[PDB]
Amino acid sequence: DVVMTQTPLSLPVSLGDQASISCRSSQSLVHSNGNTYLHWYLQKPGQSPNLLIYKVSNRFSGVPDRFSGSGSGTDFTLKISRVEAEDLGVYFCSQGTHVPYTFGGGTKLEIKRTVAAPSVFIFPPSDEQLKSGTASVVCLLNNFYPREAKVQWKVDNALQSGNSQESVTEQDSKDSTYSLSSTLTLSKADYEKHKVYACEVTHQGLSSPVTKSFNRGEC
Amino acid sequence: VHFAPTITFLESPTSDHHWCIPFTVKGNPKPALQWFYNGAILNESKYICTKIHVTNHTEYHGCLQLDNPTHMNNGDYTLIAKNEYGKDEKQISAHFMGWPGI
Amino acid sequence: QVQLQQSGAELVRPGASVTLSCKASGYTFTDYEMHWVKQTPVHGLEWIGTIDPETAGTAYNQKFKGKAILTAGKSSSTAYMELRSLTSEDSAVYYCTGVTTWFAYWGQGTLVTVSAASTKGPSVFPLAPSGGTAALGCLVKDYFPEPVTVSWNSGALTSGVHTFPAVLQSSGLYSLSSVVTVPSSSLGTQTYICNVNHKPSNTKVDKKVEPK
């Protein structure tokens with residue numbers, strides 16, 4: 001089996017600049033017929049992969065001038081001159097020379113922007129949810145950059161671990177930011193036994209870790 | 001007796017024959033010919049079709065005949081020749097003139 | 001118009017078999033190669049095999065031998081892939097693609113969930129607003145299998161909307177959150193309704209989100 005090693009795994013690049021994705025094969029991709037069957041694809045979030053470049057440097061019908069490919073044998077490159085917002089997604093390299101056909105691991109293109117601090121919002125559990133046995137506390141970290149942010153659940157100032165699950169959105173096409181949703185799941189009985197519910201947000205956009213809280217029942 | 005296909009000739013349309021992408025294909029049995037325009041499927045019609053003109057034993061000489069083409073037909077044309085013994089593939093760049101030839 | 005139309009999402013119990021279909025239109029299906037690709041977050045994109053619908057000749061990736069079987073309906077212009085003795089390792093998005101060494105044409109994909117767990121509709125709960133801009137949303141809880149669709153005000157509200165990827169809870173059920181940041185001045189007049197649609201259990205919930 002031919003191993004296709006794509007490098008880097010994540011590529012941070014500012015708007016209007018040039019991106020450079022490398023694909024490295026374990027064996028020569030030159031077929032006996034003389035062709036190098038190395039292709040490049042882009043998979044936009046929620047969508048099927050789309051062909052960008054076929055046979056090392058040929059642009060597929062409708063693909064813009066901005067995308068170009070080069071290389072030979074085992075070392076290959078994909079370049080995107082003057083990167084746009086619609087270029088956001090995962091870039092894959094593929095080989096169609098040797099059976100089984102193989103794909104690279106993927107390179108996620110990241111749009112570099114000025115550091116944005118998260119807007120934190122704490123959400124108490126709805127009474128409809130309480131009146132069924134469970135209680136979900138939800139923390140929201142809205143429009144921040146970079147992705148690296150920590151959430152610490154504090155129930156009566158006691159640090160919570162294992163009872164929560166985080167979720168981050170893919171980079172926004174308009175403002176180039178990320179958003180995070182951390183949900184604290186605990187039984188109604190555990191919920192009524194405590195009063196202070198807070199979430200500690202650690203991010204490089206914030207000098208000091210911001211805490212958003214609410215007191216059970218009371219407004 | 002039997003052998004994999006080989007595209008021994010594929011060139012851009014000439015001065016005397018501006019609306020034809022010429023080719024020569026060798027193979028046994030008769031290889032199946034398939035075209036790609038900038039990597040996309042080229043659906044053959046009365047405007048763009050494959051026509052083998054000379055068949056000499058295992059040698060096939062023909063054209064991708066275009067009827068009154070414009071600049072909208074310019075691009076990269078890949079011809080793939082396949083049989084049960086192998087596959088050959090060659091590509092050319094085509095620029096179409098507004099006259100059949102000299 | 002070259003179009004590859006794949007069959008719907010499948011929820012199959014371990015050990016059973018499923019047949020995935022792919023309708024090909026806008027070209028002469030029998031004259032070209034058909035390929036099947038598997039996508040998972042851990043293994044990425046993997047090539048299963050290929051079929052030549054004219055001769056019914058196949059070629060498989062060694063790691064999908066006995067797992068996947070490729071067939072083609074010549075008169076029907078349909079490609080089929082059967083997945084046998086299903087496991088959790090077979091839960092993926094499967095794509096039908098063509099038509100040569102490069103894949104210019106892809107289907108929308110088919111989600112295959114391999115589980116014993118039965119289909120469960122979600123419980124939609126409000127995330128009520130408690131500054132210049134205010135955040136509100138809805139918590140789509142305890143549903144199975146994926147996916148779930150969330151629009152705001154019957155699709156009229158798209159700006160500020162963030163639908164988070166679902167998380168699989170210890171209970172074996174999926175949980176999702178959808179948020180929207182709106183101007184605080186509109187909270188007393190504007191009506192905010194999250195429209196939740198879960199096709200596996202044929203569920204549709206219109207939940208009104210209000211402050212307090």
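Lettering of chains follows the sequences in order, A, B, ..., and the numbering in each one begins at 1.
In the displayed structure, A/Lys174 atom NZ is contacted under 6.0 Å by at most 12 heavy atoms of other residues, nucleotides or ligands. Atom NZ of A/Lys79 has 12 or fewer neighbouring heavy atoms from other residues, nucleotides or ligands inside a 6.0 Å radius. Within a 6.0 Å radius of NZ in C/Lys120, other residues, nucleotides and ligands contribute 12 heavy atoms or fewer. Crowding of A/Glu128 atom CD: a count of heavy atoms from other residues, nucleotides or ligands under 6.0 Å exceeding 12. By the 6.0 Å contact criterion, NZ on C/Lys207 is enclosed, its count of non-hydrogen atoms from other residues, nucleotides or ligands being greater than 12. Within 6.0 Å of CZ in A/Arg24 there are 12 or fewer heavy atoms belonging to other residues, nucleotides or ligands. Shown here is A/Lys195, whose NZ atom has more than 12 heavy atoms of other residues, nucleotides or ligands within 6.0 Å. Within a 6.0 Å sphere centred on NZ of A/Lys108, heavy atoms belonging to other residues, nucleotides or ligands number 12 at most.
Contact of A/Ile122 with chain C is made through the backbone alone, with heavy-atom distances under 4.5 Å. In this structure, no portion of C/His43 lies under 4.5 Å from any heavy atom of chain A. Using a 4.5 Å cut-off between heavy atoms, A/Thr169 touches chain C through backbone and side chain atoms alike. For A/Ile53, no part sits under 4.5 Å from any heavy atom of chain C, backbone or side chain. When heavy atoms are compared at a cutoff of 4.5 Å, A/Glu166 approaches chain C solely by way of its backbone atoms N, CA, C and O. For C/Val93, no part lies near chain A; criterion is any non-hydrogen pair under 4.5 Å. When heavy atoms are compared at a cutoff of 4.5 Å, C/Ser175 does not approach chain A at all. Heavy atoms of A/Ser61 lying under 4.5 Å from chain C are absent altogether. Within the 4.5 angstrom heavy-atom criterion, only side-chain atoms of A/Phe92, from C-beta onward, approach chain C. Neither the backbone nor the side chain of C/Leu4 comes within contact range of chain A, judged by heavy atoms closer than 4.5 Å. If you measure heavy-atom distances from A/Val90 to chain C, you find no contacts under 4.5 Å at all. Using a 4.5 Å cut-off between heavy atoms, A/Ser119 does not touch chain C at all.
Across every non-hydrogen atom of A/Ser181 and C/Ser177, the tightest pair is OG-OG, 2.8 Å.
Comparing C/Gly49, C/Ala104, C/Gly44 by heavy-atom pairs within less than 4.5 Å of chain A, the highest count is held by C/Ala104. Taking A/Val138, A/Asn142, A/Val99 one by one and counting their heavy-atom pairs under 4.5 Å with chain C, the maximum is reached by A/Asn142. Between chain C and the residues A/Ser132, A/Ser126, A/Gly96, the most heavy-atom pairs under 4.5 angstrom are made by A/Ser126.
For the ring pair (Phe, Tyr, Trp, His ring centres under 6.0 Å) test, residues two or more places apart in sequence or in another chain that qualify with A/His31 are A/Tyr37.
Between A/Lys55 and C/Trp102 there is a side-chain heavy-atom pair separated by less than 4.5 Å. With contacts defined as side-chain heavy-atom distances shorter than 4.5 Å, the pair C/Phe103/A/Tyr101 qualifies. Under the 4.5 Å side-chain criterion, counting only non-hydrogen atoms from C-beta, C/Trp106 is in contact with A/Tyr41. Looking at A/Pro49 and C/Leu45, their side chains come closer than 4.5 Å, going by heavy atoms from C-beta outward. Two residues are said to be in side-chain contact when any heavy atoms from C-beta on lie closer than 4.5 Å; C/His162 and A/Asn143 meet this criterion. Contact annotation: the side chain of C/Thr101 never approaches that of A/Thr97 to less than 4.5 Å [non-hydrogen atoms, C-beta and beyond]. Residues C/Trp47 and A/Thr102 fail the side-chain proximity criterion, which asks for heavy atoms closer than 4.5 Å.
The main-chain N or O of C/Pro165 is found under 3.5 Å from a side-chain atom of A/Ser167 such that the two form a donor-acceptor pair.
Side-chain polar atoms of C/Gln39 and A/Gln43 form a donor-acceptor pair below 3.5 angstrom.
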For residues 122-147 of chain C, run the donor-acceptor check on the side chains, cut-off 3.5 Å, and write out each pair with its distance to 0.1 Å, sequence neighbours left out.
from: C/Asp142; atom 1: OD1; to: C/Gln169; atom 2: NE2; distance (Å): 3.0
from: C/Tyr143; atom 1: OH; to: C/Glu146; atom 2: OE1; distance (Å): 2.8

